[PDB]
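# experimental structure and sequence below.
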Amino acid sequence: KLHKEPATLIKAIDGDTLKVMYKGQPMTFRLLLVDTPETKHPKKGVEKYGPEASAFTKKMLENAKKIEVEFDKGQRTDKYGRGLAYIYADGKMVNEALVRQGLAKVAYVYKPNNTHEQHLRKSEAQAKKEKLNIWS
């Protein structure tokens, strides 16, 4: 059973990565299950819809009253020390909002961190069917 925990925005870094104050410490979070185009991609740098994905996550988190983090049932950090979570702005899941707008694809999924996988896949199918952004 997953639960939401409160957090405080520090700074949105990219479409898929946000720095947040969690249990009293600054920590970088990577959004579970989604791949956004990147503005600071390691080899590629600035990719198409990268700035759009970045602005969308930024606006959503910065304008929220309440930001919450929800860990999945598996590992809670990746190999770079980033928290792996679903992030909610005023009760809306950011991870889902991105996929629903055609600003992210559903990532390759690693069990047991796959709880909302079906839900995200459905939004992705909708965004493809609507030909939004990445899908047009």
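Great, that's in hand. Numbers count the residues shown, from 1 in each chain.
# what lines up beside the helix or strand containing residue 69 in the sheet?
Counting by DSSP states H and E, the element that carries residue 69 is strand 67-71. When pairs are called by DSSP bridges, strand 67-71 turns out to pair with strand 5-14 (antiparallel), strand 83-89 (antiparallel).
# what about the very next helix or strand once past the shortest one, distance to the chain center?
Once the chain leaves strand 83-89, the next helix or strand it forms, by DSSP H and E, is strand 92-93. Remark: strand 92-93 is offset 10 Å from the chain centroid, using CA atoms, centre = their mean, to the nearest Å.
# so how far is the next helix-or-strand element following strand 92-93 from its chain's centroid?
Where DSSP H and E defines the elements, the next helix or strand beyond strand 92-93 is helix 94-100. What separates the centre of helix 94-100 from the centre of its chain is 7 Å, taken as CA atoms, centre = their mean.
# who touches helix 94-100?
15, 31-34, 36, 53, 56-57, 60-61, 86-89, 104-106, 116, 119-120, 123-124, 126-127 (CB atoms under 8 Å, 6 or more residues apart in numbering). Quick note: C-beta positions are derived from backbone N, CA and C, even for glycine.
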